[PDB]
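A single chain, nothing else alongside it, follows as structure tokens in the form deposited in one PDB entry.
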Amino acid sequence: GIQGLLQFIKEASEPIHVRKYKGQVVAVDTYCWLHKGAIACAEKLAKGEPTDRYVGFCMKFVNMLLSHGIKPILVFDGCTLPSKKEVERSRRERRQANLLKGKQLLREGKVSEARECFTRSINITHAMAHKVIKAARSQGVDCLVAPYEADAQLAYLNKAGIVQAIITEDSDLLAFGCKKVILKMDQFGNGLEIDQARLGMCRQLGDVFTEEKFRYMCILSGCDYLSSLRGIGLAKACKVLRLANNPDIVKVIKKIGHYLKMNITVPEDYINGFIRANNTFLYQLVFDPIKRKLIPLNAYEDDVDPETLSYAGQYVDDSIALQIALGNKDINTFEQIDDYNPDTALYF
């Protein structure tokens, strides 16, 4: 996502412990636990050999949060946004390559390299995530499969007061407008918290501590929805945002070469791609657990047409979205793989 974002605003970071959120609700970007837990049993998944260590891993963290008296809500990624299809396919091809080479080209002789390639060809499937969901629900923990990206869903849960903090390793959460994000948490509950209001503690940031300006900085720096101009990182983006007074971001991006004293010819596609990136950060589709329907991250403004925001995810029926959120309906085939019912046991 946003490279070097954590180091850039480390002044706003506060080392905490999970006790600080006792008797409160916290949402967890489960994919990080799933991935770090799958790294341990990489060769097992590479060979196609049955294993469930990652389940015990995720449940270890969950049991920690529970032991400190916190109500955790596990969140998973759902469908992939159209602005990421070819990227996910690229990573798919990379995993296929690392698996093929790591297997056939390293089946005899070299072993360490074969494992080093197998750990790269590791793919987190929704079946594994479903195992985690079954275990978590067996331990009475609520789960939610996002309609699309997990970071938007989490940001919604946080901005709606449903949760008070978000445990993740992704730095993009801040660009979605989260209030409290707990990064780099270990087994015991030791992690780095970053509050939105505390963004002002960064002198280097200047007057770019407001949600909108901070978002513009994150996008200009280089995000998953849009690569940055060559030579533009966090410092340069922050600088050009600090210097410019004009509220209209388009003219600013057009004069990015003027404000930074460096020869930059802004591509025709970059402005539209910027608007699309910002619109994706603002209006990506999430699932409202209370109303049990599919809503945008933020309510649409007066200058935006919903029919042109297909890249921020497309709507489906609320019953289908509900079945997806419960992990009952498969992401790809849309087939019913489970029959969990929250009525006959959140979502109330």
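Heads up, when I say rigid core I mean the largest set of C-alphas that superpose within 1.5 Å between the two forms. In this text, residue numbers run from 1 along the sequence as written.
Count the deposited residues lacking coordinates between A345 and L346 and you get 4 to 9 of them. Note on 145-153 vs 242-250: mean CA B-factor is higher in 242-250. Here the stretch with the larger average CA B-factor, out of 47-55 and 313-321, is 47-55.
The PDB entry assigns the greatest CA B-factor among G102, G200, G161, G140 to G102. As recorded in the entry, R89 carries the highest CA temperature factor of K184, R230, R89, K180. Sort the chain's modelled residues by C-alpha temperature factor and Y270 lands in the middle third, per the entry. Sorting the modelled residues of the chain by their CA temperature factor places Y225 in the lowest third. Ranked by C-alpha B-factor against the other modelled residues of its chain, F76 falls in the lowest third. Among the modelled residues of its chain, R215 has a C-alpha B-factor that falls in the lowest third, as given in the PDB entry. Split the chain's modelled residues into thirds by C-alpha temperature factor. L173 is in the lowest one.
If you look for the form deposited in another entry, you will not find it shown, but the lines that follow are about it.
In the core-aligned comparison between this form and the one not shown, the C-alpha of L105 is the only one from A235, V250, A197, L105 that shifts by 2 Å or more.
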